[PDB]
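Notes to accompany the following structure.
Convention: sequence-line order gives letters A, B, ...; per-chain numbering from 1.
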Protein chains: 2
Amino acid sequence: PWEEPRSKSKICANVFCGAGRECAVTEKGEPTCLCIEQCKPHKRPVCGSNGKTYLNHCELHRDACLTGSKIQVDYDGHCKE
Amino acid sequence: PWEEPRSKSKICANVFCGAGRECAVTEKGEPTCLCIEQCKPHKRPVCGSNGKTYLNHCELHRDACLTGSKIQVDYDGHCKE
C-alpha cells in the first residue's frame, strides 16, 4: 500500500569501518563511519587496557569511539581479581 | 559483572537534526546528523511531492536523505487514485 523502507547497503558497500564503528549515510547521501549505535549483545567478555571489563569486542571499541580515548583489548574474559 | 553500554545522549544534547535525520557520534567523538537508521513504524501514511506514498513522516524524509533528493509532504494519507 505504501513504499517500503530504503536500505543503506548500497551507499555502504563496500565500506570498511573499524571495530566499534559502522557505516551510515550523511546528509549529503555519502557513507561515513560513526560509533556503533548498539553492539550485538553476544556474551564474549573482554578486558581493556583501561582496566575495564566489557561484554564483548564491539562494546570495548564502541566505548573507545564515544570517548575518543585509546582503549584496546589486552586479553579476553573478565579482567583480573 | 561487565561495564554497561555508554549512551550518545551526552554528545547529542542538545542537537537538532531535521526530519529523516538523527544524531550520532563521529570517530572524533562529536555529534553529526545522518539519515535515520530505522523510522519508528507508526502508521501515519503521507503523500510525497515525488508522487509516492510513505508509511509516515519520518519515512518520507529518510528516503529524501538517502537519495539526496527534494521530497516533501504535500498532503497526508495515501496519494490520489
Side-chain angles (χ1 to χ4, degrees), chain A residues 1-12 17-48 50-71 76-79, chain B residues 1-12 17-48 50-71 76-79:
Chain A
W2 37 76
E3 193 92 8
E4 282 74 23
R6 234 189 196 91
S7 205
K8 53 166 179 172
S9 56
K10 219 105 183 196
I11 311 283
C12 277
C17 305
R21 299 120 237 267
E22 55 174 350
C23 180
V25 187
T26 73
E27 305 184 293
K28 294 201 153 176
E30 302 161 336
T32 0
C33 303
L34 36 115
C35 303
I36 273 160
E37 174 59 16
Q38 186 75 237
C39 290
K40 284 176 193 67
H42 287 120
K43 187 197 168 192
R44 265 105 89 148
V46 106
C47 176
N50 69 345
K52 300 177 188 181
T53 301
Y54 295 87
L55 170 62
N56 54 45
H57 186 252
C58 172
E59 291 281 353
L60 174 145
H61 283 274
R62 178 185 170 269
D63 196 48
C65 186
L66 286 177
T67 60
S69 49
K70 36 173 167 167
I71 337 189
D76 61 30
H78 300 67
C79 287
Chain B
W2 37 76
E3 193 92 8
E4 282 74 23
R6 234 189 196 91
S7 205
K8 53 166 179 172
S9 56
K10 219 105 183 196
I11 311 283
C12 277
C17 305
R21 299 120 237 267
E22 55 174 350
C23 180
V25 187
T26 73
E27 305 184 293
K28 294 201 153 176
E30 302 161 336
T32 0
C33 303
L34 36 115
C35 303
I36 273 160
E37 174 59 16
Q38 186 75 237
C39 290
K40 284 176 193 67
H42 287 120
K43 187 197 168 192
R44 265 105 89 148
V46 106
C47 176
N50 69 345
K52 300 177 188 181
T53 301
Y54 295 87
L55 170 62
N56 54 45
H57 186 252
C58 172
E59 291 281 353
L60 174 145
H61 283 274
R62 178 185 170 269
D63 196 48
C65 186
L66 286 177
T67 60
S69 49
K70 36 173 167 167
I71 337 189
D76 61 30
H78 300 67
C79 287

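Counting all heavy atoms, side chain and backbone alike, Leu34(A) lies closest to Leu34(B) at CD2-CD2, 3.3 Å.
Neither the backbone nor the side chain of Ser69(A) comes within less than 4.5 Å of any heavy atom in chain B. Both the backbone and the side chain of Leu55(A) come within contact range of chain B, with heavy atoms under 4.5 Å apart.
Atom SG of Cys65(A) is separated from atom NZ of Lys28(B) by 12.5 Å, given to the nearest 0.5 angstrom. To the nearest 0.5 Å, atoms CD1 (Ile36(A)) and NZ (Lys8(B)) are separated by 13.0 Å. Atom-to-atom distance recorded for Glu22(B):CD and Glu37(A):CD is 6.5 Å, nearest 0.5 angstrom.
Between chain A and the options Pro45(B), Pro41(B), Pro5(B), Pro1(B), heavy-atom pairs under 4.5 Å are most frequent for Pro5(B). Comparing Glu3(B), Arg6(B), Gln38(B) by heavy-atom pairs within less than 4.5 Å of chain A, the highest count is held by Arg6(B). Taking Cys33(B), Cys17(B), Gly20(B), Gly29(B) one by one and counting their heavy-atom pairs under 4.5 Å with chain A, the maximum is reached by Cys33(B). Chain A forms the most heavy-atom pairs under 4.5 Å with one residue out of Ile11(B), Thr67(B), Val25(B), and that residue is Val25(B).
Within residues 57-64 of chain B, the residues having any heavy atom under 4.5 Å from a heavy atom of chain A are, by residue number, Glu59(B), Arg62(B), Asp63(B).
Remark: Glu27(B) engages no residue in a salt bridge (charged side-chain N to carboxylate O under 4.0 Å, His left out) (not counting sequence neighbours).
With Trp2(B) as reference, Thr53(A) is the one residue of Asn56(A), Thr53(A), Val46(A) to meet the side-chain contact (heavy atoms from CB on, under 4.5 Å) rule.
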